[PDB]
Amino acid sequence: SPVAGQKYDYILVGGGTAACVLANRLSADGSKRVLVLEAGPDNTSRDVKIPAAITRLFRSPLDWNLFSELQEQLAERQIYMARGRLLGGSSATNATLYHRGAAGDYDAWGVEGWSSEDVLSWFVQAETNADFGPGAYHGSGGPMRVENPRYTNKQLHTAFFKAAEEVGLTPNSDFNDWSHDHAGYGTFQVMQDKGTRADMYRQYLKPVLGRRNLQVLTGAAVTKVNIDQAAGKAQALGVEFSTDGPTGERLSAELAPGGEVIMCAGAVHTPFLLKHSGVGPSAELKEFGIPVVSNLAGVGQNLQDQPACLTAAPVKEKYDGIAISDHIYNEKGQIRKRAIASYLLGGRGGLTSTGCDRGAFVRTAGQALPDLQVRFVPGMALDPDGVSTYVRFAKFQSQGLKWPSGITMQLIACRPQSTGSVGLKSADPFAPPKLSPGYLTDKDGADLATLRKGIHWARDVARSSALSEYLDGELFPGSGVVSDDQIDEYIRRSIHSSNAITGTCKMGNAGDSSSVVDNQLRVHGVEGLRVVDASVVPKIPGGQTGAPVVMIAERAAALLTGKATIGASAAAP
Ligand SMILES: Cc1cc2nc3c(=O)[nH]c(=O)nc-3n(C[C@H](O)[C@H](O)[C@H](O)COP(=O)(O)OP(=O)(O)OC[C@H]3O[C@@H](n4cnc5c(N)ncnc54)[C@H](O)[C@@H]3O)c2cc1C
Ligand SMILES: CCCCCCCCCCCCCCCCCC(=O)O
Ligand SMILES: CCCCCCCCCCCCCCCCCC(=O)O
């Protein structure tokens with residue numbers, strides 16, 4: 001209906017992080033008609049603009065409210081896996097931490113034309129940094145905004161840093177500078193613009209909505225990619241979607257000649273939609289009577305996510321009032337006047353904080369790269385599940401209760417060895433995917449050992465003089481949890497997502513049989529079909545995954561507009 005009689009040069013499935021970048025770059029020269037189909041609504045929520053309101057986005061209407069299959073290995077629990085559902089996607093609902101990982105993470109992909117030396121200029125191009133000028137590792141005029149956090153907990157941030165120094169960890173002045181080792185303690189930069197969320201809707205899509213060659217539909221749930229097995233090769237024709245949920249008429253947006261469909265539905269929904277389109281393991285598609293168009297083993301495999309557990313400790317009675325929970329709420333759960341004023345006057349104070357923007361990368365045992373990320377929070381978890389405690393914190397407002405003053409250290413396996421999957425539980429394209437995070441399933445128990453040693457590291461830091469000055473015992477995991485076996489069980493019962501999720505449409509070299517796309521991001525076995533989102537990441541980098549997604553989208557846009565090629569190698573004689 002809004003696409004009737006229209007031909008598009010690019011159809012983007014999803015309007016999330018990658019999609020906002022592509023919509024911007026691909027519509028730039030005015031020659032090409034670009035359609036964006038987002039299932040969620042427009043990006044207008046105040047809860048998206050205010051970083052501390054991440055607490056309100058979990059388990060909300062702007063989230064997919066996805067739960068995993070029962071995990072036998074995690075005390076037989078379903079795991080919540082937060083995913084943004086609106087223009088800007090998960091960039092609109094995330095913790096805003098700005099990480100690229102290490103040069104070694106990209107070289108470890110071993111994909112031609114995607115080495116650390118290939119990707120660096122694409123990170124730098126995207127970047128405007130308020131605290132790092134132009135140099136080998138920072139750009140200055142890109143659409144992203146990155147800055148040092150504009151909240152500082154004067155006692156607790158300083159005490160964390162001195163405690164990490166007291167246990168002998170080195171500082172890292174810039175976690176995105178590849179001229180030095182990834183490990184160390186310091187401050188995570190944030191995708192914020194003077195303390196307001198700088199999501200990829202705000203930075204890439206919203207500024208160009210005036211473009212007549214760009215059409216963005218919200219409330220538009222893609223149901224499958226339309227693919228024709230005519231001439232003698234599967235050819236994308238366009239995309240089926242409903243603007244009215246499961247009962248809506250199935251509409252078809254149509255490609256112009258030379259048109260491509262680009263999957264931008266993210267590492268959960270892209271492989272889900274490809275399988276509904278006949279692209280996936282033939283046995284899984286047959287299960288639900290989906291005709292096999294491209295028998296591709298890798299689709300929905302290689303799901304990598306960074307699992308988390310935490311410690312938490314209260315402060316002494318005399319340090320009551322010093323935590324971020326005290327900066328945001330008073331003792332009745334009323335939002336502090338000082339926090340509102342600081343946010344509106346100059347974009348500072350507790351409302352600019354996602355809480356978890358100071359920390360460390362640590363090697364638990366002589367690894368080539370750090371296996372542990374620590375996120376320090378100058379406030380106290382009231383649940384061993386940190387995402388649950390954030391939902392609790394949002395619900396706490398106006399309850400007339402006082403949130404106890406304390407700290408948390410979240411431990412993340414940032415370069416995990418476990419993999420999971422995403423597939424189908426039904427033929428209905430509106431049903432939730434069959435989602436398996438696969439936490440703690442690696443053959444050697446490496447991810448569990450990372451988190452157990454993480455808890456020992458957090459206890460060493462909390463015991464050090466600088467922090468123990470403020471603290472008064474331990475709430476989580478608590479004095480009941482001391483042996484290696486007790487810690488493992490605490491981890492199984494409390495492990496939660498740190499919200500990465502990559503690798504379900506793995507990019508790979510020619511000859512790599514686990515790959516779903518080539519190094520041009522083309523889906524194997526289909527013409528005019530690409531994936532440009534977190535799905536394509538072969539091997540997850542350490543740290544949060546948003547900045548690598550924007551880098552991949554920037555480079556794909558350059559490839560599709562003819563501004564760049566990918567690979568590299570001189571022809572053999
Ligand atoms: C709570 C949370 C915290 C995070 N913390 C951080 C952090 O601090 N820093 C960081 O860098 N990274 C963080 N991440 C990860 C980062 O946000 C993601 O890796 C990145 O945003 C993913 O980009 P994407 O384009 O691949 O997918 P998304 O941004 O998820 O975009 C996918 C889009 O597709 C849409 N979609 C799905 N199905 C359909 C359909 N059938 N039809 C139409 N549209 C559909 C979705 O609604 C969504 O808008 C976090 C993630 C979350 C969820
Ligand atoms: C954890 C609780 C998070 C609280 C966040 C909501 C705080 C509400 C403050 C009152 C609204 C402030 C004025 C509106 C600011 C609108 C967002 C913006 O335009 O940047
Ligand atoms: C925004 C400030 C809220 C304060 C809440 C109290 C402190 C709790 C720390 C929670 C445990 C670790 C952080 C969990 C981070 C969840 C966000 C994310 O993963 O994207």
# chains A, B, ... in the order shown; residues from 1 in each chain; ligands from 1
>>> residues_around(residues="residue 145 (chain A)", least_positions_apart="5", cutoff="7 Å", atoms="only C-alpha atoms", output="VMD selection string")
chain A and resid 127 to 129 191 to 193 198
>>> residues_near_ligand(ligand="ligand 1", cutoff="7 Å", atoms="only C-alpha atoms and all ligand atoms", output="ChimeraX atom specification")
/A:13-19,37-40,58,82-91,93-99,220-223,264-267,269,273,498-501,533-535,544-547,549
>>> residues_around(residues="residue 283 (chain A)", least_positions_apart="5", cutoff="10 Å", atoms="only C-alpha atoms", output="list in words")
residues 288, 289, 290, 292, 295 and 297 of chain A
>>> residues_near_ligand(ligand="ligand 2", cutoff="6 Å", atoms="only C-alpha atoms and all ligand atoms", output="compact mmCIF listing (two decimals) with C-alpha atoms, in the first residue's frame")
# COMPACT_ATOMS: atom_id res chain seq x y z
CA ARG A 46 12.24 10.36 26.50
CA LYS A 49 17.17 10.16 25.15
CA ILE A 50 18.15 9.93 28.90
CA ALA A 52 19.97 6.45 32.98
CA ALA A 53 16.49 5.55 31.59
CA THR A 55 16.69 1.03 33.36
CA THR A 196 22.12 12.64 25.75
CA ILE A 340 17.22 16.87 36.65
CA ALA A 394 13.22 1.67 37.10
>>> select_by_dssp(residues="region 413-543 of chain A", states="strand (DSSP E or B)", output="PDB file with C-alpha atoms, in the first residue's frame")
ATOM      1  CA  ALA A 413      33.472 -13.309  29.584  1.00  0.00           C
ATOM      2  CA  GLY A 420      24.602 -20.931  20.837  1.00  0.00           C
ATOM      3  CA  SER A 421      22.024 -20.754  18.064  1.00  0.00           C
ATOM      4  CA  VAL A 422      18.866 -19.103  16.817  1.00  0.00           C
ATOM      5  CA  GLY A 423      16.270 -21.041  14.787  1.00  0.00           C
ATOM      6  CA  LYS A 434      14.029 -20.418  19.135  1.00  0.00           C
ATOM      7  CA  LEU A 435      16.887 -18.759  20.979  1.00  0.00           C
ATOM      8  CA  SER A 436      19.769 -20.600  22.665  1.00  0.00           C
ATOM      9  CA  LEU A 471      32.641  -0.960  52.035  1.00  0.00           C
ATOM     10  CA  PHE A 476      26.476 -10.882  46.411  1.00  0.00           C
ATOM     11  CA  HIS A 496      22.781 -12.995  32.524  1.00  0.00           C
ATOM     12  CA  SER A 497      23.484 -11.335  29.145  1.00  0.00           C
ATOM     13  CA  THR A 502      26.952 -11.688  17.103  1.00  0.00           C
ATOM     14  CA  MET A 507      31.238 -13.772   7.178  1.00  0.00           C
ATOM     15  CA  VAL A 517      28.154 -14.459   3.650  1.00  0.00           C
ATOM     16  CA  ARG A 522      26.602 -11.445   0.029  1.00  0.00           C
ATOM     17  CA  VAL A 523      24.463 -14.414   1.154  1.00  0.00           C
ATOM     18  CA  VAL A 526      21.237 -15.953  -3.520  1.00  0.00           C
ATOM     19  CA  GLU A 527      21.758 -12.923  -5.801  1.00  0.00           C
ATOM     20  CA  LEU A 529      20.805 -10.442  -0.911  1.00  0.00           C
ATOM     21  CA  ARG A 530      23.351  -9.205   1.688  1.00  0.00           C
ATOM     22  CA  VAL A 531      23.621  -9.115   5.469  1.00  0.00           C
TER      23      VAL A 531
END
>>> residues_near_ligand(ligand="ligand 3", cutoff="6 Å", atoms="only C-alpha atoms and all ligand atoms", output="PyMOL selection string")
chain A and resi 52+94-95+325+353-356+377+379-381+386-387+389-390+393+408+410+498-499
>>> write_last_selection(atoms="N, CA, C and O atoms", output="tab-separated table (two decimals), in the first residue's frame")
chain	number	residue	atom	x	y	z
A	52	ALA	N	20.28	7.22	31.76
A	52	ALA	CA	19.97	6.45	32.98
A	52	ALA	C	18.62	5.74	32.82
A	52	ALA	O	18.35	4.75	33.56
A	94	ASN	N	20.79	0.67	24.38
A	94	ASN	CA	22.02	-0.01	24.89
A	94	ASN	C	22.71	0.81	25.99
A	94	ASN	O	22.21	1.88	26.40
A	95	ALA	N	23.83	0.30	26.52
A	95	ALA	CA	24.51	1.00	27.62
A	95	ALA	C	25.46	2.07	27.09
A	95	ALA	O	26.16	2.67	27.95
A	325	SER	N	22.79	5.67	42.99
A	325	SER	CA	21.37	5.44	43.34
A	325	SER	C	20.89	6.63	44.19
A	325	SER	O	19.76	7.07	44.00
A	353	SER	N	24.23	8.83	33.06
A	353	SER	CA	25.00	7.59	33.30
A	353	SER	C	24.15	6.37	32.98
A	353	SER	O	23.01	6.33	33.43
A	354	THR	N	24.72	5.40	32.26
A	354	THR	CA	24.18	4.02	32.17
A	354	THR	C	24.73	3.16	33.31
A	354	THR	O	24.36	1.93	33.39
A	355	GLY	N	25.56	3.74	34.17
A	355	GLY	CA	26.06	3.06	35.40
A	355	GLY	C	27.34	2.27	35.24
A	355	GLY	O	28.14	2.25	36.18
A	356	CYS	N	27.54	1.59	34.11
A	356	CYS	CA	28.56	0.54	33.96
A	356	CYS	C	29.68	0.97	33.01
A	356	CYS	O	30.16	0.12	32.27
A	377	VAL	N	30.20	-0.34	38.84
A	377	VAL	CA	29.02	0.54	38.99
A	377	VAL	C	29.07	1.11	40.39
A	377	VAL	O	29.11	0.35	41.35
A	379	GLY	N	26.97	1.90	42.39
A	379	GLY	CA	25.68	1.63	43.03
A	379	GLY	C	25.53	0.16	43.27
A	379	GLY	O	26.24	-0.63	42.62
A	380	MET	N	24.62	-0.21	44.16
A	380	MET	CA	24.57	-1.62	44.64
A	380	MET	C	23.42	-2.41	43.98
A	380	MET	O	22.28	-2.01	44.11
A	381	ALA	N	23.75	-3.52	43.35
A	381	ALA	CA	22.76	-4.49	42.84
A	381	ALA	C	21.95	-5.01	44.02
A	381	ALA	O	22.55	-5.32	45.04
A	386	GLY	N	22.07	-8.60	37.04
A	386	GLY	CA	22.23	-7.15	36.88
A	386	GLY	C	21.13	-6.53	36.01
A	386	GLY	O	20.66	-5.43	36.31
A	387	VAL	N	20.73	-7.20	34.94
A	387	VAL	CA	19.60	-6.69	34.11
A	387	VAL	C	18.30	-6.69	34.95
A	387	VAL	O	17.55	-5.69	34.87
A	389	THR	N	18.14	-6.22	38.13
A	389	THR	CA	18.28	-5.16	39.15
A	389	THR	C	18.05	-3.80	38.47
A	389	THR	O	17.53	-2.90	39.13
A	390	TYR	N	18.40	-3.65	37.19
A	390	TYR	CA	18.10	-2.41	36.43
A	390	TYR	C	16.58	-2.24	36.29
A	390	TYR	O	16.09	-1.09	36.52
A	393	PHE	N	15.32	-1.17	39.49
A	393	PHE	CA	15.65	0.26	39.73
A	393	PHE	C	14.64	1.19	39.05
A	393	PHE	O	14.20	2.20	39.64
A	408	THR	N	28.85	-2.34	42.80
A	408	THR	CA	28.70	-3.60	42.06
A	408	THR	C	29.93	-3.73	41.16
A	408	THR	O	30.36	-2.70	40.54
A	410	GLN	N	30.47	-6.06	37.78
A	410	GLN	CA	29.94	-7.05	36.83
A	410	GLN	C	31.14	-7.66	36.12
A	410	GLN	O	32.00	-6.92	35.68
A	498	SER	N	25.30	-9.70	28.88
A	498	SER	CA	25.83	-8.31	28.79
A	498	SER	C	25.50	-7.73	27.43
A	498	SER	O	26.04	-6.67	27.16
A	499	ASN	N	24.68	-8.42	26.63
A	499	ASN	CA	23.92	-7.85	25.50
A	499	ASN	C	24.85	-7.57	24.33
A	499	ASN	O	24.89	-6.44	23.84
>>> residues_around(residues="residue 159 (chain A)", least_positions_apart="2", cutoff="10 Å", atoms="only C-alpha atoms", output="mmCIF file with N, CA, C and O atoms, in the first residue's frame")
data_model
loop_
_atom_site.group_PDB
_atom_site.id
_atom_site.type_symbol
_atom_site.label_atom_id
_atom_site.label_comp_id
_atom_site.auth_asym_id
_atom_site.auth_seq_id
_atom_site.Cartn_x
_atom_site.Cartn_y
_atom_site.Cartn_z
ATOM 1 N N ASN A 153 31.430 9.674 39.849
ATOM 2 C CA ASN A 153 31.214 9.440 41.282
ATOM 3 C C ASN A 153 32.567 9.724 41.942
ATOM 4 O O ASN A 153 33.485 8.905 41.815
ATOM 5 N N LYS A 154 32.664 10.829 42.655
ATOM 6 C CA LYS A 154 33.963 11.413 43.076
ATOM 7 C C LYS A 154 34.677 10.460 44.045
ATOM 8 O O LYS A 154 35.875 10.178 43.842
ATOM 9 N N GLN A 155 33.953 9.852 44.973
ATOM 10 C CA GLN A 155 34.555 8.874 45.914
ATOM 11 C C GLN A 155 34.718 7.489 45.285
ATOM 12 O O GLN A 155 35.804 6.942 45.442
ATOM 13 N N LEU A 156 33.709 6.959 44.588
ATOM 14 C CA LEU A 156 33.646 5.502 44.286
ATOM 15 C C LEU A 156 34.432 5.201 43.012
ATOM 16 O O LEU A 156 35.101 4.164 42.981
ATOM 17 N N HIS A 157 34.387 6.068 42.002
ATOM 18 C CA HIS A 157 35.178 5.868 40.768
ATOM 19 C C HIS A 157 36.674 5.915 41.112
ATOM 20 O O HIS A 157 37.441 5.011 40.678
ATOM 21 N N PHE A 161 39.584 2.780 40.893
ATOM 22 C CA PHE A 161 40.860 2.931 40.145
ATOM 23 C C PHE A 161 42.036 2.645 41.086
ATOM 24 O O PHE A 161 42.935 1.875 40.686
ATOM 25 N N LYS A 162 42.008 3.204 42.282
ATOM 26 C CA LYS A 162 43.142 3.015 43.219
ATOM 27 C C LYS A 162 43.175 1.539 43.637
ATOM 28 O O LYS A 162 44.299 0.980 43.804
ATOM 29 N N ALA A 163 42.001 0.905 43.795
ATOM 30 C CA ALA A 163 41.907 -0.521 44.210
ATOM 31 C C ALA A 163 42.514 -1.397 43.118
ATOM 32 O O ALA A 163 43.324 -2.304 43.466
ATOM 33 N N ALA A 164 42.202 -1.122 41.846
ATOM 34 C CA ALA A 164 42.737 -1.895 40.712
ATOM 35 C C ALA A 164 44.260 -1.728 40.697
ATOM 36 O O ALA A 164 44.959 -2.720 40.409
ATOM 37 N N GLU A 165 44.764 -0.505 40.941
ATOM 38 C CA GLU A 165 46.222 -0.223 41.029
ATOM 39 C C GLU A 165 46.779 -1.022 42.230
ATOM 40 O O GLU A 165 47.796 -1.682 42.094
ATOM 41 N N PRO A 378 29.015 2.449 40.549
ATOM 42 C CA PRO A 378 29.038 3.055 41.879
ATOM 43 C C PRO A 378 27.651 3.048 42.523
ATOM 44 O O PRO A 378 27.239 4.059 43.128
ATOM 45 N N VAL A 461 39.700 -6.879 44.657
ATOM 46 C CA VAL A 461 39.634 -5.418 44.461
ATOM 47 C C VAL A 461 38.815 -4.835 45.598
ATOM 48 O O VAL A 461 39.221 -3.814 46.160
ATOM 49 N N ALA A 462 37.703 -5.481 45.976
ATOM 50 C CA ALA A 462 36.835 -4.982 47.051
ATOM 51 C C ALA A 462 37.580 -5.061 48.388
ATOM 52 O O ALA A 462 37.228 -4.307 49.303
ATOM 53 N N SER A 464 40.879 -4.614 48.752
ATOM 54 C CA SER A 464 42.030 -3.681 48.759
ATOM 55 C C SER A 464 41.696 -2.436 49.602
ATOM 56 O O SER A 464 40.520 -2.032 49.702
ATOM 57 N N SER A 465 42.713 -1.807 50.174
ATOM 58 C CA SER A 465 42.556 -0.673 51.128
ATOM 59 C C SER A 465 41.702 0.451 50.526
ATOM 60 O O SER A 465 40.830 0.997 51.237
ATOM 61 N N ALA A 466 41.925 0.791 49.263
ATOM 62 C CA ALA A 466 41.286 1.975 48.656
ATOM 63 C C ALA A 466 39.755 1.811 48.663
ATOM 64 O O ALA A 466 39.053 2.787 48.986
ATOM 65 N N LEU A 467 39.250 0.637 48.290
ATOM 66 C CA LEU A 467 37.792 0.389 48.246
ATOM 67 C C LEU A 467 37.271 -0.029 49.622
ATOM 68 O O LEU A 467 36.168 0.361 49.999
ATOM 69 N N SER A 468 38.024 -0.812 50.362
ATOM 70 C CA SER A 468 37.541 -1.367 51.650
ATOM 71 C C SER A 468 37.344 -0.218 52.639
ATOM 72 O O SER A 468 36.520 -0.371 53.556
ATOM 73 N N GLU A 469 38.027 0.911 52.419
ATOM 74 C CA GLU A 469 37.694 2.193 53.086
ATOM 75 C C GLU A 469 36.169 2.394 53.057
ATOM 76 O O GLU A 469 35.613 2.777 54.092
ATOM 77 N N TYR A 470 35.484 2.143 51.938
ATOM 78 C CA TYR A 470 34.070 2.568 51.811
ATOM 79 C C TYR A 470 33.122 1.434 52.205
ATOM 80 O O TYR A 470 31.967 1.708 52.521
#
>>> closest_residue(among="A:78, A:483, A:158, A:152", to="residue 350 (chain A)", atoms="only C-alpha atoms")
A:152
>>> residues_around(residues="residue 310 (chain A)", least_positions_apart="2", cutoff="10 Å", atoms="only C-alpha atoms", output="PyMOL selection string")
chain A and resi 308+312+374-376+381+383-386+408-412+451+454-455+458+476-477+490-491+494-496
